[PDB]
Amino acid sequence: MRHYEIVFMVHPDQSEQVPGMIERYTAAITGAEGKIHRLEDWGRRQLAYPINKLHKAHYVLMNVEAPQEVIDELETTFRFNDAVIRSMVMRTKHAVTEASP
Amino acid sequence: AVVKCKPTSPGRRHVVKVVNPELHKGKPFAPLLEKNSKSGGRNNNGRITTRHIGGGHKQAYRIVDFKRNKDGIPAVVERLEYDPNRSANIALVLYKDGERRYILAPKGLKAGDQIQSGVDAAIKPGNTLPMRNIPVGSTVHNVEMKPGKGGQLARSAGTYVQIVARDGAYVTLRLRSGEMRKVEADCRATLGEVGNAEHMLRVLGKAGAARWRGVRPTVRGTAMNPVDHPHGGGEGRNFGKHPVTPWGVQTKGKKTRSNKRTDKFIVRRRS
Amino acid sequence: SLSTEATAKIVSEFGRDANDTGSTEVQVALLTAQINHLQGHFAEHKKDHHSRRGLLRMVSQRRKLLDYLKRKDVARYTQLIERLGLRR
Amino acid sequence: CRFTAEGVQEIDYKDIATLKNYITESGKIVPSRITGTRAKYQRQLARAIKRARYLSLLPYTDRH
Amino acid sequence: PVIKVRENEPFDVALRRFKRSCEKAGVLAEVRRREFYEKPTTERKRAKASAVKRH
Amino acid sequence: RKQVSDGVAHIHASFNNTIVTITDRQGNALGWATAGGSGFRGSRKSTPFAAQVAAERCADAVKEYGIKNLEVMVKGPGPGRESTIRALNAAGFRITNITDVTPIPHXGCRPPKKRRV
RNA sequence: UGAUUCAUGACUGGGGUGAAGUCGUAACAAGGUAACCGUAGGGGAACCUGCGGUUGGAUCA
RNA sequence: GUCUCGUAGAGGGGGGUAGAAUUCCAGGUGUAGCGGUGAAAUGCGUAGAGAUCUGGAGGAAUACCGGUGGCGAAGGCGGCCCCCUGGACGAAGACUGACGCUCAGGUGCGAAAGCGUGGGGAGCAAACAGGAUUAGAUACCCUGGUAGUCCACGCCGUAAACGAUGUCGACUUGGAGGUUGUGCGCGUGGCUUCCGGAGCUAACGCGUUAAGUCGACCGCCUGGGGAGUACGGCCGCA
RNA sequence: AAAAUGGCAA
Ligand SMILES: [K+]
Ligand SMILES: [K+]
Ligand SMILES: [K+]
Ligand SMILES: [K+]
Ligand SMILES: [K+]
Ligand SMILES: [K+]
Ligand SMILES: [K+]
Ligand SMILES: [K+]
Ligand SMILES: [K+]
Ligand SMILES: [K+]
Ligand SMILES: [K+]
Ligand SMILES: [Mg+2]
Ligand SMILES: [Mg+2]
Ligand SMILES: [Mg+2]
Ligand SMILES: [Mg+2]
Ligand SMILES: [Mg+2]
Ligand SMILES: [Mg+2]
Ligand SMILES: [Mg+2]
Ligand SMILES: [Mg+2]
Ligand SMILES: [Mg+2]
Ligand SMILES: [Mg+2]
Ligand SMILES: [Mg+2]
Ligand SMILES: [Mg+2]
Ligand SMILES: [Mg+2]
Ligand SMILES: [Mg+2]
Ligand SMILES: [Mg+2]
Ligand SMILES: [Mg+2]
Ligand SMILES: [Mg+2]
Ligand SMILES: [Mg+2]
Ligand SMILES: [Mg+2]
Ligand SMILES: [Mg+2]
Ligand SMILES: [Mg+2]
Ligand SMILES: [Mg+2]
Ligand SMILES: [Mg+2]
Ligand SMILES: [Mg+2]
């Protein structure tokens, strides 16, 4: 498996769905024998610049170790989910468990 | 695959064939076949109403499912088949309940692939959904113009439509012509492009190959006498008039669209 | 490049010991393993000329090692090419 | 170079407070010569800032 | 270069701050650089010449 | 003739000309003046003085609206960048903000070829 | 019936030489639009223009 | 030369994505100019331009970072993310045991322009048109503008494709830097910039990255024109 | 802004 750091931002009106979204995403990874090394919910934050005419978004950070295939499936889910305005998936050299800044 | 013939005869020199190894070599599925006798371009008054049609090979009609309304039931592609009635290839699909149907074969579709139709279908080539449920910017084909009517747009080999926008009960589509058109969001579309995009690379190579497809020769108006055609006449090659149809309408730029009823749906003409 | 586990397996199969990574047979077996693996890459990426230059170096290096082995010991050479399914 | 003194392995795109020091008011990345940042960290800093810009943690420009 | 005139600040002082901010941003230099296309060969030649002169 | 307390002055400072347009905060134009239209043609048109006069003429053009406070947006590298702003202050408008809005591509499109003179 | 070699042939291509001819002034200075290389298009002519490349470019107060 | 661990990198191929800007389209505000030059004019604008604001479309390129910086055999390679993948370097050991160097012919790669088929087309722009300038102006300057520039695939095979310096190895005073490892402020490796000693060189200069001192192998030269042309051959769609 | 040209001799 490989270590990926995933940051996704959700439309503020769909902030209520975020806890359910997180559980489903974590479930997919754990189902594939992946491990959730870090999970943080930053909550609604002020965007540096407007995205899709939105001035705020709900940020979620997760560090995960998983097969590349499950991560690809997660990226497709983000693409087809209207709530997820933006997402970033980055490979990491090692698992990160320390709290984010 | 596109294959140039070797020039072993003058009629073969320019021939370019599109050869698909995947296409079924056997006979079509008999329950979905109907006869379709030829018209010669003649109507029920027995008059030629479209010129240049006649002869060509005998062809059986394959009943193709343009509606794709068997929702919720997965189907597996058994085989791709040649269809003489259209430029696209067709796929024989088997539903889990044991029903077989033909569909337009999308690009990339192969035997063993699984397809589904309905609101809950996955966004994958060959799947059919209401365009309300299809993401904006998607490439689609076999697009209905009225909900439940059956696909009418983007059915020819290699064609597709783009869903450019969604507003209320209507989606805006970019057609192959380049026209921007509004259609009801409830109208169904199939994900992907129609397959057989190499269709347009074929080169018939000889007069006889057009005859096989039931195309009779076009005689140029200027080669006729005045009594036959506006362009007719002259001692030698002469012209000296604005180009027109055999019936006298200008045929180089004059627009003929006249449908106030459907004008509301046209966002932008092809230009 | 070849994984640590994949490399380690090959060394064991062709080497006298796990320490014997330097043997011609091991070297050729490692080269063959990567060449065969890269065939998939180059089928997908026909215009990856820069990577292919690396492949060609592997092919050349393998050829030189086989030529060395053949003159050094024909019997070892004959066994190796049979095991690796090499024409020569 | 703060990063060299700190002994940070990699500059973090999430660490906006640090990053804000190395961007101008316009939002442009500050040159290493002015900051005194080592080249290796300057490259890491640029990548981090670009990632932060994409996530809208930092502005590309002062007038979005 | 966005300058907000502070309370009890003279216009001239604020204007000088705007000029300074523009110079820091190097807005005018960027505009002059982009007025016409410089071939990469020309760009590389200029950069080398600057480095040699500085040395 | 709706009264607008707060307006935005847009200064288009080009090498050939200066255009001064005073708008409401929403960006609806209220009045405008140019160096070219202010009685300066040819070499005079591209001067700070001509830009100054344009600013004054624009201020006169928007006098009915009774604008008190102006936010200034400056665009372009032309000679009328600063003279216009000083003129607006001299006109008696309170300048709340001064901003440079000159467009800069982050690469963008290939510019025209270099002139050979 | 071919090959090859030599001679010759209306006319035609470019080359060289020769008056202080005719038309310009392309290059050498920043040669007055730096020059040149490859390529492409154009033009009575030297050449001009695009694209990329080189310094075997002058200037810097 | 192989293995183990790690490091830096615009190395390559594929896919996705972001922000800035230009153009276009639609609409709002607004009114007589705009644009352009040495100066003009062509052009655009009362059929409402330019300016300003909002929404949309589309293509191409990635400001700042940025560097006598880095990577690549050369050509070349620059937003960010993922996938596949080549090379280099360092440390401490282990392993193989001369397995090496060069290379006619051969084969592969090879900027830009160009060619073929199918796409795409914002900006730019050969050709072309008009306006200037001029004795003329088939130009330089201006307003426009098509191929092309972009993508896929195939062809072409050339450039001042340059360090005008073939590849590999050994040896021979220094100084100041850059960049990238590593051991314990002092060492020790890789790559790179400037300067300079002996020596070398017609001189200019080169100078441990040699154009010094040697060895291996290859390519090439033999006065200027005529000519890298003719003819023939081979290659190419041209 | 424009700004062309000038036999070979010794
Ligand atoms: K999404
Ligand atoms: K005909
Ligand atoms: K006729
Ligand atoms: K006739
Ligand atoms: K006749
Ligand atoms: K003859
Ligand atoms: K010239
Ligand atoms: K040229
Ligand atoms: K050899
Ligand atoms: K064009
Ligand atoms: K050689
Ligand atoms: Mg017909
Ligand atoms: Mg058919
Ligand atoms: Mg038919
Ligand atoms: Mg015809
Ligand atoms: Mg007749
Ligand atoms: Mg008639
Ligand atoms: Mg006649
Ligand atoms: Mg006539
Ligand atoms: Mg001259
Ligand atoms: Mg000249
Ligand atoms: Mg010159
Ligand atoms: Mg020209
Ligand atoms: Mg790599
Ligand atoms: Mg290098
Ligand atoms: Mg090209
Ligand atoms: Mg082409
Ligand atoms: Mg143009
Ligand atoms: Mg032009
Ligand atoms: Mg050559
Ligand atoms: Mg080069
Ligand atoms: Mg050479
Ligand atoms: Mg060699
Ligand atoms: Mg020296
Ligand atoms: Mg020749």
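Residue numbers start from 1 in every chain, and the chains themselves are labelled A, B, ... in the order their sequence lines are given, proteins ahead of strands.
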>> Check this for me: does the side-chain of C:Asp48 come within 3.5 Å of the base of H:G13 through a donor and an acceptor?
In response: no

Do any side-chain atoms of residues 28-41 of chain F form donor-acceptor pairs under 3.5 angstrom with protein atoms, and if so which ones, sequence neighbours left out?
| from | atom 1 | to | atom 2 | distance (Å) |
| --- | --- | --- | --- | --- |
| F:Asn28 | ND2 | F:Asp24 | OD1 | 3.3 |
| F:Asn28 | ND2 | F:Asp24 | OD2 | 3.0 |
| F:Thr34 | OG1 | F:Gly37 | N | 2.8 |
| F:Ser38 | OG | F:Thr34 | O | 2.5 |
| F:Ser38 | OG | F:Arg57 | NH1 | 2.5 |

> Do the bases of H:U54 and H:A26 pair up, Watson-Crick or G-U wobble style, with both gaps under 3.5 Å?
Replying inline: yes

> How is the base pairing of RNA chain G summarised as a dot-bracket string, given the Watson-Crick and G-U wobble criteria with both distances under 3.5 Å, [ ] for crossing and | for another strand?
Replying inline: .................................(((((((((....)))))))))|.....

>> What contact category does A:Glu75 fall into here, base, sugar-phosphate, or nothing, at under 4.0 angstrom with non-hydrogen atoms?
In response: nothing

>> So, using side chain to side chain contact (heavy atoms under 4.5 Å, CB included) as the criterion, who are the partners of C:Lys70 when residues are at least two apart?
In response: C:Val74, C:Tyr77

> What nucleotide, of H:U2, H:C34, H:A63, holds the atom closest to the side chain of F:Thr34?
Replying inline: H:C34

>> Please verify the inter-ring angle class for D:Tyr41 with D:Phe3; under 30° counts as parallel, over 60° as perpendicular, anything in between as tilted.
In response: parallel

> What does nucleotides 138-165 of chain H look like as a protein-contact string, B for base, S for sugar-phosphate only, - for none, at under 4.0 angstrom between heavy atoms?
Replying inline: --SSS-----------S-----------

> By side chain to side chain contact (heavy atoms under 4.5 Å, CB included), which residues pair with B:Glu198, not counting sequence neighbours?
Replying inline: B:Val2, B:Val18, B:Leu201

>> What I want to check is whether H:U37 forms a Watson-Crick or wobble pair with H:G157, both distances being under 3.5 Å.
In response: no

> side chain to side chain contact (heavy atoms under 4.5 Å, CB included) with C:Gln27: which residues, sequence neighbours excluded?
Replying inline: C:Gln61, C:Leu65

> For H:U193, which nucleotide is its Watson-Crick or G-U wobble mate, given both distances must be under 3.5 Å?
Replying inline: H:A176

> For nucleotides 106-119 of chain H, read 5' to 3', which letter fits each nucleotide if B means a protein heavy atom sits under 4.0 Å from the base, S means only the sugar-phosphate is that close, and - means neither?
Replying inline: ---SS-------S-

Tabulate below the donor-acceptor pairs under 3.5 Å that side-chain atoms of residues 44-55 of chain E make, not counting sequence neighbours, or state none.
| from | atom 1 | to | atom 2 | distance (Å) |
| --- | --- | --- | --- | --- |
| E:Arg46 | NE | E:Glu38 | OE2 | 3.1 |
| E:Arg46 | NH2 | E:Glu38 | OE1 | 2.7 |
| E:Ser50 | OG | E:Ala47 | O | 2.6 |

> D:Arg53 side chain: which of H:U17, H:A63, H:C65 is closest?
Replying inline: H:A63

> For RNA chain G, which residues in residues 39-47 of chain E have a heavy atom at a distance below 4.0 Å?
Replying inline: E:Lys39, E:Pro40, E:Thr41, E:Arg44, E:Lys45

Which pairs of donor and acceptor atoms, one on a side chain in residues 68-82 of chain A, lie under 3.5 Å apart (sequence neighbours left out)?
| from | atom 1 | to | atom 2 | distance (Å) |
| --- | --- | --- | --- | --- |
| A:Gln68 | OE1 | A:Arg2 | NH1 | 3.0 |
| A:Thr76 | OG1 | A:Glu73 | O | 2.5 |
| A:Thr77 | OG1 | A:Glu73 | O | 3.0 |
| A:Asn81 | OD1 | A:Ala83 | N | 3.0 |
| A:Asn81 | ND2 | A:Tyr25 | OH | 3.4 |

> Among all residues two or more places apart in sequence or in another chain, which pass the side chain to side chain contact (heavy atoms under 4.5 Å, CB included) test with C:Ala6?
Replying inline: C:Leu2, C:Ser3

> Can you list, by residue number, the residues of residues 57-64 of chain D that have a non-hydrogen atom closer than 4.0 angstrom to RNA chain G?
Replying inline: none

